[PDB]
Each structure stands twice: as C-alpha cells, then as structure tokens.
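Below is one structure, written out as structure tokens; comments come after it.
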Amino acid sequence: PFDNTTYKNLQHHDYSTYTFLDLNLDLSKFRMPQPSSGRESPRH
Amino acid sequence: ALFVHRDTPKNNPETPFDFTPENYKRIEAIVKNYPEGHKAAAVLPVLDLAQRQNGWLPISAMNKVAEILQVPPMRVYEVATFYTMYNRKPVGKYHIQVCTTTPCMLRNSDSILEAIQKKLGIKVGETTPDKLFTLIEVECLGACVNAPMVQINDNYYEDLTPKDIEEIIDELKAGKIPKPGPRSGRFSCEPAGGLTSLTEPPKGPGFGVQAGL
Amino acid sequence: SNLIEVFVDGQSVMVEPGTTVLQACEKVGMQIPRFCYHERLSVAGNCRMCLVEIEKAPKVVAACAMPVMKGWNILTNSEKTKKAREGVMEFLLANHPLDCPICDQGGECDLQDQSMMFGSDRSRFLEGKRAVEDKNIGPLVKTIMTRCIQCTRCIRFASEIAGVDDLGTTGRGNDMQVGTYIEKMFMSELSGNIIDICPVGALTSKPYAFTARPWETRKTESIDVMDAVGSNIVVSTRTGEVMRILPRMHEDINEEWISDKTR
Amino acid sequence: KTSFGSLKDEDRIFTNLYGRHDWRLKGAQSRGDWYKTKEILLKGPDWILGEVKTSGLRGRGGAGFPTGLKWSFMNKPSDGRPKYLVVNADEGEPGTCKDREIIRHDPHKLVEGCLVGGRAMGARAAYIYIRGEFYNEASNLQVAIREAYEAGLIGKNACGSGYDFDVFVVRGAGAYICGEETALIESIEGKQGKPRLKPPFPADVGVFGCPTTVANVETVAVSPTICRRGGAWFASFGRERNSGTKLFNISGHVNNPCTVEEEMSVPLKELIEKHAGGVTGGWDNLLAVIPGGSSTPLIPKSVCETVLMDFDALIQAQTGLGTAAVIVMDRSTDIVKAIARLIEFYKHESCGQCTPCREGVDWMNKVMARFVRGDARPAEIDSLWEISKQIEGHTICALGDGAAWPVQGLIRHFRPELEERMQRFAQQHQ
Ligand SMILES: NC(=O)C1=CN([C@@H]2O[C@H](COP(=O)(O)OP(=O)(O)OC[C@H]3O[C@@H](n4cnc5c(N)ncnc54)[C@H](O)[C@@H]3O)[C@@H](O)[C@H]2O)C=CC1
Ligand SMILES: Cc1cc2nc3c(=O)[nH]c(=O)nc-3n(C[C@H](O)[C@H](O)[C@H](O)COP(=O)(O)O)c2cc1C
Ligand code: SF4
Ligand code: SF4
Ligand code: SF4
Ligand code: FES
Ligand code: FES
Ligand SMILES: [K+]
C-alpha cells in the first residue's frame, strides 16, 4: 500500500538522555583504526 | 550569567563528581572517534556527558574532563564558558528555552513567554522554587517554519499557542512526558492547508539514472 | 635562491616564500600598526589593526597573518587602509576606559601612540561602556581588566614561552574576558613578562605601580647579575633613584625577556 | 528555458522531506537512495568531480561557491596526512530550518552524500557537525548510520568497492558561530568556536591540520542524486550559473510557513502565494521580505514583485540569496524592533575574537535599541551606516558582514520610517 497521511517518524518520542551516546558506543565496534600524529598530544 | 568562578560550598573543586562506569565506557567510545594525538578534541562530547550525568557543571566536571583527557583545565573552562549549553549553575529539571528571535517574534512568541511567566510565577532566567522548571530565553533554535516554539531539555514543542504551552506545562507538572512535535494540525513542517508538494509517490530505484552507471 | 619579488608602495623588495605582509613592509623600513601581532608569539590575527590594501583586490588583508604572493603592490598609506585603521581604532576605543591619567601605561602605551598616529581625533560612542571585573593573578602583576582589548598575548605567552597554559578567554562576544576563571595565582618564573607585551595598561607592574612615569625616566643599558645568563636590561631611573628594570633585545641571550627575579 | 518554478514531484531530490515515508534504510532504498553506489565509487574521483562541476552546483551553504571547483582543491596527492569531508550541519541561521529536515527525514541521502563526497576528494572519514540543539535529529542520524554500517554500505569496504570510509556525528554545544567552516573545525578540535583566518583554507589546513572540505548538508546530500541522475539534468533547472533545485523555508507572516523544494530561479511572489498561500492579509499587506535568512539585507514590497530567488538576481537586488530562507514581514510589523532583535542575535551569537564585530555589533545593538524607541537624532542613521562599513570586510569571518548587512538594508530601504520614529519621540518627550 501507499501512505501519504501518516507521519512515520515516531522514534524520537522514545529517545532518552543517553540515546546518542549509546548509539556511539554501539558504532564504536564498526570503525577503521584512527591515524596517529606521531605523539600523544601536541604538548608531548 | 557571570564568567568567573567563586568557590561556594556547593560549587568548588571539592564538590563530588565522578562518572559512572557505563559513562566511562561512553567516554571510551567518544575518545576512540578522534585520531591519535588529538585526544583533546573529545572535550565537547565528554563535558556534555558530564552535563547529562549531573544536570549541570560544577567545577569538578571541568577538572574531571581535564583529568581524564590530560588537557589543561583552563582549556575546558573556556569551553564551558564559551558555549550556551553548559549550565554552570544548577538548573531545574525541565529547562525551558523559549526562542524569541525575529521569525518567532513575528509569530508572537512573546505571548508564549508571558504565558509561561504567569503560569510558573517566575520570569526569564529565574527558577521555580520546587526546582522543576528553569525558564530562559534563547536565540534561533532552527524550527522557523514551526514558529513559535520552545525547547524542553531534548525536545521541541512547535506551532504553539499559549493554550498549548499551558497544556504542556500541565502535563509536565503531573510527571507525564509530552509528545515533542508541532501542536497544530500539521505533522512536521508541511504547509498547514495540505501538501502543496510531494504528493506523488517517489519512484524508487533506477529512476532517471544516466547510462554508463 | 627562490626569493620572490613583491612591492611595498611600488618599491620592489625580495622576500622569502612564506614571508608575511608585515615583514615585507618591515624590509623597506615601514612599520604597520599592530596590537595582537608580536614577533615572538604566534600569529593570532584578532585585533584587525594591521589591515593593509593590496591593489587590484577589493578587500584589506591582515598583514600579520597573510603571506605575500608574487607581485602584490602593498599600499600602506592608501585611503581605504587608513579608513580601516581609523575604524578599528574607533572600535578599540569604544569600550576602553578613560583611565589615561590613573594608568601606569600612559606615555608607554601602544594604544595611545597609534591612536595618535593612525586613528581619528574624536568620538562617536554615545553609549555606556563595559566594565570588567579585576582579576587576582599575583603579587607581581596588577590586573585592571577594563583596559584589556582582548589581544591574547597573555595566552600566547603563557602557552608558548612561559609554558603555563593557565590563562584564557572566558565568555563570548563583548562579554569575553581574559583571565583564569578561578582564584588562581599566575606564578611562573617569567610571570612578569606579561607586563611587557600587554599593549594597554591592563597588566601593570604592581611593585612599579603608581610611582613613576616613563617620560621622566632615564634609561641605562646594564647587565643582569641574578643568574649567569647575563640578561641585557634597562635600569630605568628617575632623579637618582632606580624606578624599574625593563628588558633589552638580544637575540643570543634573553631574546627580549627577563626572569621575575631580574624584573 | 525562460520561466522558472512549479517543480514536479518526480524531479525532486528530497523526497520524504515531509516525514510521510520511512526515513530508514528500507524506506530510503525504496526511494532510489543507496542505488548503484559501488558503481559511483569505482569510477574514480575525477568522474565525480566532473559530474559536480558540469552540474553547475553552487554552494548551498549560503555563499554559493562553485561546489565542484571547491571539492577539486582536495584532488591532490597525499603527504602523510589523511583527508576529511566535514559536513556543516549547524544551521543556526534565523529563518533557516531545511538541514534539520534533511537530517531528520532523509538521513541516508546525507550518508551516501558523505560517501560519494569522501570518495570524490579522497577523504578518509566524515564528521557531521550537527547542532547541539538537534539532539533527536542526531540520534535519528546515528540510527541511520548504524543501519548503513550494519548493511555493509560504509565502514570497512564501503558498498563492496574496496574503499574504506567512516562516518562520525559530532554534536555542537549551542553556538551559531560554530556554523562557520573554520570555527566548526575549531569546535571539532575541542576548542572555542573561534574562526581561523583564510588562507590557510580548510583544503590545506582544516580539521586537526588535515586537508578538509566543510560542506553543507544540502550540497552533500544532493551529490549522489547528481551522480545518478546526471549533470545536465541538475544543470537544466534554474538560470545559467544558478543551476539546480533548492530548499526554501518560507516563515514569518505567511499563512502556511513551510519548507519546500523548489526550482532555483522561482519568483518570490509565486513561491509565497503558492506554497505558503500568500502573506497574512494578502499580497497588498506585504511590507518587507528578508529573502534568505538574517544575514541578507531585506527587500521592500516594491522589489518582491519581480525578483527571482537565486543567487545572481538577488545580488542584482543588492541583497543575497544565502540560505534561501524567506522571512515575510507584513504591515503589522514594527520592522525596527525586528532588525534590532536581529542585531541582538548577532551580538549574543558572536565569538568575541577580533575587534570590529566584538565591539561594533554590541554598539550597533545599542544604537538600534535606541532607534526602536527613537531616542536619537537623524545624523545617527548615517553614522550607524559608517559603523557598518567599518565592520563589513574588516573582520575574520562573515558574521561581521552578516551583521553589517541588515543594518545597511534597513537604513537603505526604510530611512524615512526611522526618521519619523525619532521625530515623534523627540516631540513627545520634549
Ligand atoms: N547556511 C547557514 O546556516 C548560514 C549561511 N551563511 C552564509 O554564508 C556565507 C558566508 O560564508 P563564508 O565562508 O564566510 O564565505 P565564503 O567566501 O568564504 O566561503 C565559501 C567557501 O568558498 C571557499 N573559498 C572561497 N574562496 C576561496 C579560495 N580563494 N580558495 C579556496 N577556497 C575558497 C571557502 O573555502 C568556503 O568553503 C554568506 O553568504 C552567508 O549568507 C551565513 C550564516 C548562516
Ligand atoms: C557566521 C557564519 C555561520 C555559518 N553557518 C553555517 C551553517 O550553519 N551551515 C552551513 O551550511 N553553512 C554555514 N556558514 C557558511 C559556511 O562558511 C560555508 O559556506 C558552508 O558551511 C560550506 O560551504 P558550502 O556552501 O560549499 O557547503 C556560515 C558562515 C558564517 C560566516
Ligand atoms: S591602557 Fe593606554 S589608552 Fe588605556 S587608559 Fe591606559 S594609557 Fe590610556
Ligand atoms: S591583558 Fe593585555 S596582553 Fe592580555 S589579552 Fe588583554 S590586552 Fe592582550
Ligand atoms: S568578527 Fe565576530 S564572528 Fe568573526 S572571528 Fe570575530 S568575533 Fe568571531
Ligand atoms: S527563529 Fe525561533 S527557531 Fe529560528
Ligand atoms: S596585528 Fe594582524 S590583526 Fe592584530
Ligand atoms: K602593560
């Protein structure tokens, strides 16, 4: 069927105060290894 | 409102603050996004995490973020006093942000601000004595066609009448959670007198694709 | 040699690839008015006083930061360059306090001198000025932060030379304040040299404070004896009494700094 | 083509702009997104740059810089530093609410845009600097990025093309100046949102000192549609060097304030009367229009009759396109209160780095707060004009320009209204 009268974006009603950070914690296992600048910090 | 710190008993470097261990896993997830040698770039999420744990930033979260990221504490003081979200004073649980810039002042968000002020008995910047509602007045929040709109801690409440925001405050006082959307007859941002566009079905895969692709 | 040819007021000069506009004007004996550029600190570019016109280019460039490209005619005394300098000096003198009599920097102030040289001669600011809370950063530095023009030589000195990383800019906009944000006492071994580089009288010398005035001082170029580095100093006296000790430039010892014990 | 406007629904780039369809992966692949992505990635950076240059795509961020010519600065060999496509998703401009709609409702179009753009410029990852106020939109985009990783579309071996590409989302913290590209770079680096100076451009020294292209949500999301549909298709709409479609946010005093995708050179009267139903009280009730958000100077009712809503025809009207955010202000509006509130926005949102903005924007807000009451003499209008000319072009970024421009527009188009304001103040208080 085709719908044009309902708003299918109802997920944001259930987001808590840690949804973004839990999603980042979920996505931390899919990522490529970060490059290194030859040091620990620019004060090292 | 002030951008210096005075060591009150409830706000000092001896004020208790430490992340929960799941928040330490979250800070690991934040720091692992940025390249090696630029760990300092994880100031702004982690410090916002240190606001989402406590509700506000005493000066121990600034010191803790400077301690776990090994950056100078002044470089976190600059971030906490530069950005308008890092509440350095204890706000209420429902931090109400009323947008009254020009596209919302044209659509009379002053009536909504007056309604919230007479409903809560407070004014802009003050806090209700039960420490539920903090009413301040902010700049453009990015819902300009959905003007006039307010923000409650994560949520946008849009196309508001004074009656609508009185209804939202009523269903916030009793402990319930409202629906973060436009309170008029439209759904997100469409023309209120019906869809003037995108009524046709989207075609799907393969439509209009050039050859050699 | 890969030296390139640029033009300052039409005068040809041969510079290095990577030379800024300010050094390109320095090579012909010209000095651009500046507040945040310091030749031993990093380039900030946040006072906009060094704005100079490149011809056939409808926008003034920041001479402290902008490297020269091959063939620029750097117009230093043009019309829109002087309008840029007068406008930026007007904005620096909008919220600045009328403290020139009670200020120790009077007579040795950059802001007074290049307001007299490069700015206008009167005012338009018919409003109320800001007033900034004074900071406590030590027994050596008297801090009157209403005079701070927010040029960030504090931060660049404490971060790059003194290596302290404890000064900064809190706030945002016309409420932005250079300070420490807490009751912290800025005590390094070079914590008095911030009195030198501050172009205004925001950071004055607290032992020197209110005693003297630089036009009636006599300069005597002497040597430090406090350490075995041999810092070139000026003993500046007044009527047979040593008022203070300024640094001297020497590229092989103390480049233009001295320790706090020396000062 | 001579006439412009009345764009068909089949030629829209942002289908599911209104949230009526599923924003997720099964919804996005049912609307043409993530289709033949591997065949776009395998044909090289040069083919994608040629498609974007041939399309006539300009900067949808607001300056209108040529997007293919912008992205071709990054097509240069490595030097040990990685490269980064960084999506400017702040959108703090008043009147402008379109990138909120793109992130909230068409996120996979933005993710495929990050992938095709990062292939086009050799970039390694994607940093979507989303606004901190857009929290639910950020979690929305993170769910879509999870659906893009778990389907094997991005990450290690993106779409099976041998190309590796990550996508990050960095939330902001409530600063309008962090929408400027260099201040956005400075905000991602864990510092204050203070803009860098140009040159170094971000294509040489950008985020973390890497080569970087900071690009708008719109000009990133439309680029896989440009690569699939063609360059000549996207170039056919609008005028020449004003090619394509554009999102328009009609807000203010209209009957139906709304976001709508529309052809580039559409007339303003046709746009407001069709998609917004016209001005409240009819078109004769119109007083002024800020055409493209707060940075652009306003135009009166005498200019809105024949003006076209692209870059060049608004530059001919001595204003700008900018973000294509039509703020409509009818006859019931104190325009001086609105522009003084707009200068109050530009002094509450200004990072305080360099002199003319930090001092003069507060000083223009004080002079405009007196112009609202009329507590001045008319020689302070022209004075204020000079103050704008002492800010416009003498600052680091274009927020000093974006604050000098509305004062100039208000003076230039309603000088006598300010003068009669001040004279009735002067007679009623003396
Ligand atoms: N979309 C939004 O939310 C907002 C948009 N704006 C608009 O943004 C514009 C101001 O942005 P700016 O970045 O200050 O202006 P624009 O001159 O700098 O910059 C646009 C792009 O052009 C590139 N560019 C220009 N000349 C270049 C060169 N010679 N070499 C390399 N790259 C070059 C820059 O890298 C930049 O990415 C205005 O039109 C304003 O209306 C302003 C506020 C908010
Ligand atoms: C003060 C200021 C704020 C800006 N804010 C944004 C913004 O929020 N979003 C955006 O896409 N561009 C913004 N811009 C424009 C950017 O400088 C830049 O043109 C754009 O982000 C990327 O260029 P593009 O048009 O090729 O995408 C802003 C510019 C200025 C001067
Ligand atoms: S800092 Fe300079 S301009 Fe300011 S009061 Fe002191 S002498 Fe006068
Ligand atoms: S106190 Fe002086 S040196 Fe420090 S930032 Fe202010 S004007 Fe510059
Ligand atoms: S002019 Fe204003 S917005 Fe720009 S760098 Fe300076 S303080 Fe920032
Ligand atoms: S002006 Fe209120 S949301 Fe943009
Ligand atoms: S000296 Fe170049 S801007 Fe301050
Ligand atoms: K000084």
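Quick notes on this one:
- Burial ordering of C:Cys25, D:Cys227, C:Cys100, fewest other beta-carbon atoms within 10 Å first: C:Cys100, C:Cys25, D:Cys227
- Adding -39500 (n - 2.57) for every DSSP H run of four residues or longer, then dividing by how many residues chain D holds, sets the calculated 222 nm ellipticity at -12000 deg cm²/dmol.
- If only the Cβ of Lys and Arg carry +1 and only the Cβ of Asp and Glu carry -1, the dipole of the protein assembly as shown around its Cα centre is close to 680 debye.
- Residues whose amide H lies under 5 Å from that of D:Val214, counting only those 5 or more places away or on a different chain, are D:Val86; hydrogens are built 1.01 Å from N in the peptide plane.
- Residues of type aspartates and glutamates that C:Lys56 reaches as a straight line, Cα spacing below 16 Å, ignoring anything fewer than 8 places off in the same chain: C:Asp9, C:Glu79
- Across the range C:213-263, the volume of the C-alpha convex hull divided among the residues equals 73 Å³ per residue.
- Per residue, chain C reaches -4000 deg cm²/dmol at 222 nm when only DSSP H runs of four or more residues are counted, each adding -39500 (n - 2.57).
- For chain B, built as a Gaussian network whose Cα springs stay under 10 Å, the top-fluctuating residue of B:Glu200, B:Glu139, B:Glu28: B:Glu200
- Positive-pole candidate from D:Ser295, C:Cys109, C:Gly29, dipole of the protein assembly as shown, charges at beta carbon: D:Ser295
- Remark: the range C:213-263 carries a charge dipole of roughly 380 debye about the Cα centre, counting +1 on each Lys and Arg Cβ and -1 on each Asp and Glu Cβ.
- Partners of C:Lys142 within straight-line reach, counting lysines whose Cα lies under 26 Å from its Cα and excluding those fewer than 8 residues away in the same chain: C:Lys129, C:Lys184, C:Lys206, C:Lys219, C:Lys261.
- Only DSSP H runs of four or more residues enter the estimate; each adds -39500 (n - 2.57), and after division by the residues of chain B the mean residue ellipticity at 222 nm equals -9500 deg cm²/dmol.
- Charge dipole of the range C:213-263 about the Cα centre (unit charges at C-beta), most positive-ward option of C:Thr262, C:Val229, C:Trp215: C:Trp215
- Charge dipole (chain B, unit charges on Cβ, about Cα centre) - positive-most of B:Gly208, B:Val71, B:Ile112: B:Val71
- Antiparallel DSSP beta bridges within chain B, percent to nearest 5: 55
- Taking 28 Å as the limit for the C-alpha separation, the pairs C:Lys83/D:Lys191; D:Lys83/D:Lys156; B:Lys89/B:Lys119; C:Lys27/D:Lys347; B:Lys10/B:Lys64; D:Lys76/D:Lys156 exceed it in the case of C:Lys83/D:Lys191; C:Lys27/D:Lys347.
- Over the range B:17-90, relative contact order from alpha-carbon pairs under 8 Å, at least 6 apart, %: 32
- By the beta-carbon count within 10 Å of each Cβ, the least crowded to most crowded order of D:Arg239, B:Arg26, D:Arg100, fewest first, is D:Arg239, B:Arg26, D:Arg100.
- Across the range B:53-104, Cα pairs under 8 Å and at least six residues apart give a relative contact order of 44 percent.
- Relative to the longest principal axis of the Cα atoms of chain C, the long axis of helix C:79-92 makes an angle of roughly 30 degrees.
- Only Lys, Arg (+1) and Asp, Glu (-1) charged, at Cβ; the range C:1-212 dipole about Cα centre in debye: 480
- Placed amide H near D:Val170: partners under 5 Å, 5+ positions off or other chain: D:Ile128, D:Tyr129, D:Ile130
- Exposure proxy for D:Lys269, D:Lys98: other Cβ atoms within 10 Å of each Cβ, ordered fewest to most, give D:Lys269, D:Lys98.
- Among C:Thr143, C:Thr81, C:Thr217, the residue with the largest mean-square fluctuation in a Gaussian network model of chain C, with springs joining Cα atoms closer than 10 Å, is C:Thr217.
Every number here is computed from the coordinates shown, using simple stated rules; none is lab data. Quick reminder, even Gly has a Cβ in these numbers, built from the backbone with ideal geometry, and neighbours come from all protein chains shown.
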